[PDB]
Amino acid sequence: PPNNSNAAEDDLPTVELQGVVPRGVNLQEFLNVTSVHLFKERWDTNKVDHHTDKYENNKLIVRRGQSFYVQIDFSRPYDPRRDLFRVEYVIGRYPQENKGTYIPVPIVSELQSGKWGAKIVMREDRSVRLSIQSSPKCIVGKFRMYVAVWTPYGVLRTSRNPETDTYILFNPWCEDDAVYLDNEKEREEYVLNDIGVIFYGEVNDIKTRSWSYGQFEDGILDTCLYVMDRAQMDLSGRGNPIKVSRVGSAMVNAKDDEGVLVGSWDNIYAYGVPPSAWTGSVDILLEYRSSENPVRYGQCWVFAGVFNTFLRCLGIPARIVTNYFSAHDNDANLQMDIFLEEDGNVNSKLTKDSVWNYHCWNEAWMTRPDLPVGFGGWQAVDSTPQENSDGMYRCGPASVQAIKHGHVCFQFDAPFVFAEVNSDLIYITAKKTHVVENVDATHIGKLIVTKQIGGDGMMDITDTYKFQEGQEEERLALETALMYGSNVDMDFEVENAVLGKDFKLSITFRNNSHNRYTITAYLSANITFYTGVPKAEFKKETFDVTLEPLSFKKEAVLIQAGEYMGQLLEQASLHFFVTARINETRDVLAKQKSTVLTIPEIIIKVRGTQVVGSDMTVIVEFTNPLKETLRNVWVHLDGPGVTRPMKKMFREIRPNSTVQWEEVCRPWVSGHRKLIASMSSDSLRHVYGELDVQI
């Protein structure tokens, strides 16, 4: 049956004999555990280094993909020649190794990147200190810990011990984690800050409401796990922040699933707390856990406050955003259909769509391995019930970046979120036949804000959701969104793109028709982290082109090195959006593609014994990667312990040709040092090489 409850547990045998073991077997020869220490105090290095010292829980809490120390005391000293044991972490009533819910942790010589293992780092008398490393993809929840000693007769295992139950959470600090956030100030605000501010009111009279998220309070972490159990969420999926956030968007509202909060807007709030009386999430969540029933009542900011608690508590970085004049699309066509009677007054009967003074939802930070690269980062998630998504009231995660460019085809619920922030108003006269009377392109989504880092101030984030009103890109992206819901083909290629050089983006239009068309288009060029998280837009252009009949037309867009080189990082890729409208037909052609820059190599080698005080020869090798002559090439060599910084100049390097530079150095600082080489010429610039050296 489904392993969908963290609270449930199986009973692991302590004496797990195999086969027909003879009477009078003597298990005395084998190790038994006398004691397990988790060093779990809130002042100690595990909780401090794992950023979990703030929780009011006395159990060990760690974050996945990062190592922690434990100590196992045995009946006699562990002897690798004769003894074999492993640690086990187990979750749910029906754990299975191939599901990630029974996790054997082997005792290894060296921890391996990304892999569960435990290394012995100290031995004193009968004790061993282990450094345990978890997988960065580990299921998030509360695990039972066991020590299993292997014997010819079967396994001898420690008894159930609630005092060693171990919570493993998402890890914004681990570069291999889906929720990795590379900025400490942002991790502090969006994970560790347990108070916040939620903006409301009107666009020109902005009000601020304080909110206590309380993710670290006694009982809250347990309640978040309870929420997932209440959802019957399969344990195997709880290491996936896409799934966890989508579950959270359903479960924070009461509809469908007996979730946390019952929405009401009736100005009466019979037999409950009025939505405006709450000042934080803790009372609501603790009451949910204790009564095991939905809590009355909330509205958008209360749903958002509780959902924010849930996210941060589990370790998914999160924030609350407020959208002013927020559209509610009821018939999924991404526009506000306002039916107007003949009198001119609005038909309140036919008009179903609506607009709110403001609405609040959440953003959760994660990669999106299920989407093309470029669409990770902030994902809109919304637990306020408005429209069903695949049978339930839930919403997201929708990539905010996908929403911005109208690529609303990418899951989940991007079209609805797009309409919330940027649907047009379409005033329609229903006659006894439907006549369009007016279009309002600027009413919806006047301003989108979130709490600033480091203060209670407002940060304007409207530009992350939509291009500016009145800009051509705002219309092109909307028309793209409507499209995803002429006999012209559009494609583009980035031609021979080398890191450190200008390059061309080539956009091609093929007109197979006998018509002349005119095109209005935009290009957006972006830097993206290797994991597919967007970093910044470095170039944006709009353009017009005329397309003759029966013809192919290329439009070359130059991208200069200075436009992107200031914003690169290791293994970053480039993400391009081209959206073109055929003006006469209103047809929209929209493509997105990513590319990796070709990276020119500089090779550093050393010749001679590397001992502080004696001479070593560094050989820097560089090959011209271009079909063009490099001119005035400067090569630099840097090495803080190894060499005074040095330069060699090459007047000219022919195409595909190799140069070598030998530099004699004498190190003045022993140990783990490093050599860094740089090359800049007139055309190709700021290409590097590096080599760790041991002095």
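Residue numbers run from 1 along the displayed sequence.
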Count, per the entry, the deposited residues between residue 454 and residue 455 that are not modelled, and return the matching class: none, 1 to 3, 4 to 9, or 10 or more. none
Please say, as none, 1 to 3, 4 to 9, or 10 or more, how many residues of the deposited sequence are without coordinates in the interval between residue 432 and residue 433. 1 to 3
Residue stretch of maximal mean CA temperature factor, 616-624 vs 93-101: 616-624
Per the PDB entry, mean CA B-factor is higher for 49-57 or 626-634, namely for 626-634
Could you tell me which one of 439, 574, 402, 192 shows the highest CA temperature factor in the PDB record? 439
Out of 603, 360, 580, 174, which one has a C-alpha B factor higher than all the others in the entry? 603
Sorting by Cα B-factor within the chain, modelled residues only, which third would residue 427 end up in: lowest, middle or highest? highest
Which third of the chain does residue 415 land in by C-alpha B-factor: lowest, middle or highest? middle
Based on the entry's values, in what third of the chain does the Cα temperature factor of residue 7 lie: lowest, middle or highest? lowest
Tell me, lowest, middle or highest third: where does the Cα B factor of residue 648 rank within its chain? middle
Can you tell me which third, lowest, middle or highest, the CA B-factor of residue 115 falls into for its chain? middle
